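Student: Here goes the first bit of my complex:
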Amino acid sequence: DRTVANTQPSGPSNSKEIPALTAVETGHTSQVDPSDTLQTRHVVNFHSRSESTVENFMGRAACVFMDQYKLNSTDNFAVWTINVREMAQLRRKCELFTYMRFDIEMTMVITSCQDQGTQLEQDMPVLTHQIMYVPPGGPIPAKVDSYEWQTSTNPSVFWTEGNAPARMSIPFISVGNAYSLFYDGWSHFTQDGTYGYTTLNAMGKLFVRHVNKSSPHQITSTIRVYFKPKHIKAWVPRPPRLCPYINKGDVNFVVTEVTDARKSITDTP
């Protein structure tokens, strides 16, 4: 954890050196320091760029999915395709780089609440929930009591309510050498199909359900999933997205404004 560069003393100067003058058509950013154009003293800077790192910047949980399932047809379980383009808060942060490698540390929060009805007298034991990740190409359950729920090979987590939230770690599971957030191509070789990053996204599905069979009165539950990237590497920085997002699947946008309007060119508030 090194510190930033210190300032060096300067004095009056009259010579043929021109640090200030430069050319911006070359594509190079000037390296002029404040000491080069002014008379400065000597100060020791101990400030460190420790929280500006990519690992620390990405090192914080963010919500990625939210859905509701009920206990009393298809409303008893929830299905989610694992994608990171559903919440704007994390989508904007992860669209500043073209390619990225990272390992997620997923966690879930599950809450339940009784539904408002005319008759509410009931006594129920504790509730249990099951979460199953179906690998790509695997069978997908069609019912709460379907045969796919017995996870002979697929992973599963059982969490009784009242305990600490569950947590799991997933490694790099991409076919390629990195995660391509932006893909400028078509799925088919005849330049047809679906244009966008959806083609490269082949992540599997997630299933949540209630282990308990039935309740005298309806009960509803909500699950929230949070992701934290770790051991992260980034490439090809990209400019931030100006326009608000419209659809998860594509990058379609509407015309917006670069900056907020001011009264005049020489208007200081």
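Tutor: Yep, that arrived. Residues are numbered from 1 along each chain as shown, chains lettered A, B, ... in the order given.
Student: Going by C-alpha atoms from here, please, whenever you check contacts or count neighbours.
Tutor: Noted.
Student: nearest spatial neighbour of the residue nearest the centre of chain A, skipping sequence neighbours?
Tutor: When CA atoms, centre = their mean is applied to chain A, the residue found nearest the centroid is residue A:90 (3.5 Å). Leaving aside its sequence neighbours, residue A:90 sits nearest to residue A:62 (CA to CA, 6 or more residues apart in numbering; 6.5 Å).
Student: Could you do residue A:61 as well?
Tutor: residue A:228 is the one closest to residue A:61 (CA to CA, 6+ apart), at 4.7 Å.
Student: Residue A:48 too?
Tutor: residue A:3 (4.5 Å).
Student: ok, the one you found to residue A:49 distance?
Tutor: 7 Å (CA to CA, to the nearest Å).
Student: Could you do residue A:90 as well?
Tutor: According to CA to CA, residue A:90 and residue A:49 sit 23 Å apart.
Student: and if you look at residue A:111?
Tutor: Applying CA to CA, the value for residue A:111 to residue A:49 is 39 Å.
Student: Does the residue nearest to the centre of chain A belong to a helix, a strand or coil?
Tutor: helix (DSSP: H, G, I helix; E, B strand; the rest coil).
Student: while you're at it, add chain B from this line:
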Amino acid sequence: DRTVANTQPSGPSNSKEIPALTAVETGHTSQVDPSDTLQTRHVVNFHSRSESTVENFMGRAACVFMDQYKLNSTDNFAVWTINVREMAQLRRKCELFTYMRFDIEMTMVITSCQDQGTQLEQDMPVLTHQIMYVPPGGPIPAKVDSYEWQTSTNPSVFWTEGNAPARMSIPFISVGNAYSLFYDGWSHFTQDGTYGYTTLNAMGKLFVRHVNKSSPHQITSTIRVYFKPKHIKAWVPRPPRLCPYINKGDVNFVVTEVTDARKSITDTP
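Tutor: Let me put chain B in with the others:
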């Protein structure tokens, strides 16, 4: 942990030394010991000033905030500006020094109770709570289901009822080199604005809410926050505040009495 100074034997003396006589206009406090003016024996003192240290004095939790939020408009969540001038018990202790550096160890206690109504028949699962600290300048939620609640970057704590109280540690997060409890200045450079310590206090806000969506009948909860300073350093000791506090924002006071009235100058109770 050293002990206090021992007493040295003394005897009768008649000489030109005058330890008792001194001048108080110089601004110096006399260093006379009991042996200097009386005949004393030799005693070994093992008493230690171990609990008079600033770190031990400040090392004890104190209540700083209390509010209520309900589960059934704006009553579903609570908003608090982080300040230490709301409880008299801790305010008096922390106003004995002008500048201080410390690291807090915050903890919270959350309790819930059903409200008295005509109909009270209900069965509810365990409850969960979320606490979010919004950094200064960050967006502030306006609804229970607002989009700010997904903490992509802000910290958050989830605590299911029935477990141990949550605890967190916060480092020195002041722009300056210390916390200025008393500030004798104005916010603006034209000697206008707000006079007091409110200008330098730029700490962020805190938000608490219920994770569960709804309940058949209304339920209310109360949160209490306790602070413990550690790794503390103090400067410029100040006299204790005599008059009781009136308002949190300023130091306005009413005229009071220095000491309790006695019957006469030579009245011994």
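Student: shouldn't the residue nearest to the centre of chain A be in contact with residue A:65?
Tutor: No. Counting by CA atoms under 8 Å, residue A:90 stays clear of residue A:65, with 11.3 Å between them.
Student: count of neighbours near the closest residue to chain B within the stretch 1-150 of chain A?
Tutor: Residue nearest to chain B within the stretch 1-150 of chain A: residue A:62 (3.8 Å; CA to the nearest CA). The tally of other residues near residue A:62 (other CA atoms under 10 Å in any protein chain shown) stands at 22.
Student: rewinding a little: how close does the residue nearest to the centre of chain A sit to residue A:81?
Tutor: Applying CA to CA to residue A:90 and residue A:81 gives a distance of 17 Å.
Student: swap in residue A:121?
Tutor: 37 Å.
Student: Also residue A:91?
Tutor: The gap separating residue A:91 from residue A:81 is 16 Å, by CA to CA.
Student: Next, give phi and psi for the closest residue to chain B within the stretch 151-269 of chain A.
Tutor: Among the residues of the stretch 151-269 of chain A, residue A:162 lies closest to chain B, at 6.4 Å counting by CA to the nearest CA. Residue A:162 adopts backbone torsions of phi 100, psi -20, taken as degrees, to the nearest 10.
Student: extra chain here, label it chain C:
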Amino acid sequence: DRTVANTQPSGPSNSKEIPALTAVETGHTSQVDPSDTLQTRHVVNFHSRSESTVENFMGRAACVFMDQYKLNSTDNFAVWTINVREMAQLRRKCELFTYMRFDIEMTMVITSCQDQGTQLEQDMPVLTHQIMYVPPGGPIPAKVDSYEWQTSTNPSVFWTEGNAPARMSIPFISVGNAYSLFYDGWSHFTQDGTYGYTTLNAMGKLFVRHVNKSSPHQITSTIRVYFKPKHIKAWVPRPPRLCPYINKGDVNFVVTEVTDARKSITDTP
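Tutor: With chain C now in place:
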């Protein structure tokens, strides 16, 4: 952990030695052994006086206080002056010595039960309790919502029901060099005031309350406190108390009998 003394072989003897004869007016207890007056064999004794030590004798919890507080005026909290003269079981054991130094290890057991009423339909969350020890001279709360409950400096313990009983350790907190169980003196220097050990007992008070504000129907709770002395030292052994206790404050008693009546002097049952 050494063993008791072994027995040494003896034989017939006729001489001027008189181990049996002694004088009891001197105040000395005879040290005669069974081998001195009889013919005995040689036996090796491995018995050890390991549980007769003062530390092991005092090393067991005993009940010291019991009270009830309710949740629905002054019945919502309990006040106890810390004394060890309220339960006969521990009072008799601790009155066998005049002075004692020890460190207590207090623990509490809290139970709650609903009160019998015409209407009993209610659903309540878990309950929480707070215990506060007020140092001598400190302010005493007068209400459940009084300002003294925020323990800026006083210790406090919060225990949610369903978990393990709370436990704390307290060091030697006596002004003198030991705890004087029996004090033969008067409080005032004019031989007036209160005669007994109450003058030297200056221990602080204890406060227990319910953290939850209210319940639809009344609920009552009971707290029991147990003390275990450790690192104990004792002085001046005293004879056991024959007569049953009458009042906690003093040692007043009624005339009793030394032993149970027998039919005659030569009556063997």
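Student: Same as before for the neighbour count of residue A:62, with chain C this time.
Tutor: Residues within reach of residue A:62, counting by other CA under 10 Å, total 22.
Student: show me the contacts for it.
Tutor: Contacts of residue A:62 were listed using CA atoms under 8 Å, 6 or more residues apart in numbering or on different chains, and they are A:89-90, A:226-228, B:150-153.
Student: now those residues: which count as buried?
Tutor: For the contacts of residue A:62, a burial check counting by 16 or more other CA atoms under 10 Å in any protein chain shown picks out A:89-90, A:226-228, B:150-153.
Student: Among those, which one lies nearest to residue C:17?
Tutor: In terms of CA to CA, no member of those lies closer to residue C:17 than residue A:228, at 93.5 Å.
Student: and which of the contacts of residue A:62 is nearest chain C?
Tutor: Proximity of those to chain C (CA to the nearest CA) peaks at residue B:150, which lies at 27.1 Å.
Student: Pick out the residue of the stretch 101-250 of chain A closest to chain C.
Tutor: residue A:121 (10.0 Å).
Student: Now that residue: which helix or strand?
Tutor: Following DSSP states H and E, one finds residue A:121 outside all helices and strands.
Student: How about the one 3 residues further on?
Tutor: Per DSSP H and E: residue A:124 is located in neither a helix nor a strand.
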